[PDB]
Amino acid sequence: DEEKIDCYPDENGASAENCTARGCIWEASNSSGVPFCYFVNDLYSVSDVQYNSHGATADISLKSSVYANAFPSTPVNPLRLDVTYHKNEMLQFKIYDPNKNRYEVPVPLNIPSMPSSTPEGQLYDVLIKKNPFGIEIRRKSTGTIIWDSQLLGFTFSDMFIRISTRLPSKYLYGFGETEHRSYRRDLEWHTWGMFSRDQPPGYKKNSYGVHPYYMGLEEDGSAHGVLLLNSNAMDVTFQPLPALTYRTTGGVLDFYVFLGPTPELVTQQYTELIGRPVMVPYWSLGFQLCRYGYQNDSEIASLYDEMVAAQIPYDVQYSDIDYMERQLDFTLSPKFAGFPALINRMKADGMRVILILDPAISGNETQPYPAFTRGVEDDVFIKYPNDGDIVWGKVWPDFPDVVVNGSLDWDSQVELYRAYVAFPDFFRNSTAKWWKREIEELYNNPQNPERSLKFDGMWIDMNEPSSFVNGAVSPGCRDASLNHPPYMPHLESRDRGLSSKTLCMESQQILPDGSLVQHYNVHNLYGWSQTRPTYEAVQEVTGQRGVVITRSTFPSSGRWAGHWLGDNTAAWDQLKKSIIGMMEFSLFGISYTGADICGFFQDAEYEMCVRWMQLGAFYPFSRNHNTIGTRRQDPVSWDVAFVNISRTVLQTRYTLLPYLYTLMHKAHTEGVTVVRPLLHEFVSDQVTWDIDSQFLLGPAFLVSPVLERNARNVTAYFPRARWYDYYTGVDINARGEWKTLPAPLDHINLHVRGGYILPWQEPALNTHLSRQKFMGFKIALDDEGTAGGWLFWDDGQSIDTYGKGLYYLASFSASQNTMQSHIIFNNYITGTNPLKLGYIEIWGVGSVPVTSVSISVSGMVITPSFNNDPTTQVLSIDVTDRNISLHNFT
């Protein structure tokens, strides 16, 4: 019943007779999922298999065209397969057309100069099996088979490619941006669309980015990863005979396989290929506020003052498109003048500001508008292929004189008001200068130095590329590269073709080299194409490292940006989904992510929002954002009870920051994960393979959120190790056990894994005041493991600090009743530049209050006063009275 490989996934025309017309068998079923049409025999035949020291290659040919000609596109013949043993832990196999040169995804990866696999170290082996044509990847370690495409269905036609594989288990994690219902994916007959579209998160709905990458767990605790470097419109299909099926619409099958043995190891190797996450500015680790519909310039300032009055910490203040004049890029609303004043005032207190940008530029404007005009001069806009005019979409920008009724039909609004806009082609060496310029002159206004906005980071959005008309504008598109492209993957609005909510597929773009591409192949690449330049733009203009949040992603996208999970709604299910989203994104190679706290779409409710601020207080990207007409949902818009709660939890986060920052350093340097599923640190425990309603920050910080309304308690899992409550210092004392811990409406549960030391620092009102206060230690000893730890210090904003010069790297270790410090490299904390070392806490020291050594060394040796409770292992040791800094301490 499984093993049935759906022969008719087509949008239209599945029928007994139409089914027979391919080499296929029609047989109804009463079981949900099973394909009425299925494969009984193959249509390609592998021929000249050959192996060598460094790879393998066979040839694939039709047999015969009688049936291959019967489905989607004109099949390609013959094909060719090249497997390559890059490293011992990594593979690639590609199936392509050796004759014609097919579209291949233009995103740089790093690969050993030549194949560096060694017969003794190589951890996997491959076999090109012959009947029917198959590919079998195996972990040499223990025979588990990683990939096995010796199933039927393999097709390969210009605009339709199918390949399948048995999964080595019933546990698979993560696919290209959408709203999964659990971390581990179902397998019980589910298809998923993958294609950049402006879709609020939804079940089986294709969303902002595309990520054809998964991690599979094996029989034993072993793990592997698989990437399909294809950017065409595709959908994947999970069958209960553990096995999935790709159906792309026309690249080549370029697969890369990774078999680090562990989840982290896998990710380290995936990111090693596509690139590791961007290092973020220390200030971005703080809390963030925004909304769609900040009315007046001053309604923001009103908010920023209300927030410092409540003493709720936060470093980043935004403004949505409201600050633009009629949603035009690079313009300042009348209603928002002396907004430039607000920026400068806030940053002066130590805050920072992030501004949104859309990609589409309006060209129906009457006044002068350099952005658009110089756009046309430098020729940076996306046109049709036969020289044809700009491909005109519509988005946010309003027409010039039109008077706007905020309440009109959303459709009516799009014809009467919204201007025609052009989409820049961000591949082009030209579009880079143009874009980078506009950004320059936003920062330093050539004409009105008083109207300069001094932003610190950019939020590129609406870049799928999203558009509020299907394709182009007035007459439409004209093409079959667009609608019904032989196979229309299982996307949202399938009936609308690929055109739906974006550019015409025939739209011409130009790659950096200079060759011509149509939007059809690079659509999923669009937002990605825009990411690096924007990143660079911010860097050049601000002279600092800065940060970029983008909506549309693609593998490697996270190399220059972070990501927020998009248009959630203020509903309870959406909290848990954010935990997933984050987790999945760590896999996808993007460390800096989160959801819109309290919920974008719709009005926030009180209790849900107390719970969400507590959860979100631990997103790496912690931002409270919100759609237009809704009521405001920020912390100082509820009541005294709320405010006070918000304060406490935010404080906690501003304490973890030195830890959260080093994680970010380690993910950037090592490939490791930041938001990390328990199962990454405790694989041998199968209970964790399924838990997705709680998560880790790094290895030692266990977050256990309350995700249900009335609930004021929670049941959370606690793997086999010591879990110290972060607040009290006491070990919970569960071990591979489920405990029900009390969870009052003011409290969120956090625990520190025994065997780790966490560097902390006193909570300020923003990271500027914070970095000045006292540095702490939390040594979470475990009878289960003594203690290990890391700290990395930086000016927190300079470009490539680690990579060239000024940083501080210290590993910490506690063997016997004593913690010792080893500075690996120091170059920013010097005698003159001191790091105040405040307190030193130690949890789990013993019920016997007897020390053999109570005094700390700096070179000299003091025996400062301490507090100790025998009941609770805590051993506190204040030191706010010494000249102790991280650079002279031992």
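The first residue of the sequence shown is number 1, and the count goes up from there.
Note to self: Regarding 827-835 and 35-43, which shows the higher C-alpha temperature factor on average in the entry?
What the structure shows: Result: 827-835.
Next item on the list: Would you tell me which stretch averages the higher CA B-factor in the PDB entry, 573-581 or 600-608?
Entry: The recorded data point to 600-608.
Check: According to the deposited entry, which of 322, 495, 567, 795 has the largest Cα B-factor?
Finding: Max CA B-factor in the entry, restricted to 322, 495, 567, 795: 795.
Check: For the listed residues 543, 98, 729, 705, which one has the largest C-alpha B-factor as given in the deposited model?
Finding: Top of the list by C-alpha B-factor: 98.
Check: Compared with the other modelled residues in the chain, in which third is the CA B-factor of residue 804?
Finding: Top third by C-alpha B-factor.
Margin query: Quick check for you: using the entry's CA B-factors within this chain, is residue 548 in the lowest, middle or highest third?
Written below: Within its chain, residue 548 is a lowest-third residue by C-alpha B-factor, going by the deposited values.
Next item on the list: Would you mind ranking residue 484 by its C-alpha B-factor against the rest of the chain and naming the third, lowest, middle or highest?
Entry: It belongs to the highest third of the chain when residues are ordered by C-alpha B-factor.
Margin query: By the recorded C-alpha temperature factor, relative to the other modelled residues in its chain, which third is residue 177 in?
Written below: For residue 177, whose C-alpha B-factor we compare with every modelled residue in the chain, the answer is the lowest third.
Check: Can you tell me which third, lowest, middle or highest, the CA B-factor of residue 555 falls into for its chain?
Finding: As the PDB entry reports it, the C-alpha B-factor of residue 555 lands in the middle third of its chain.
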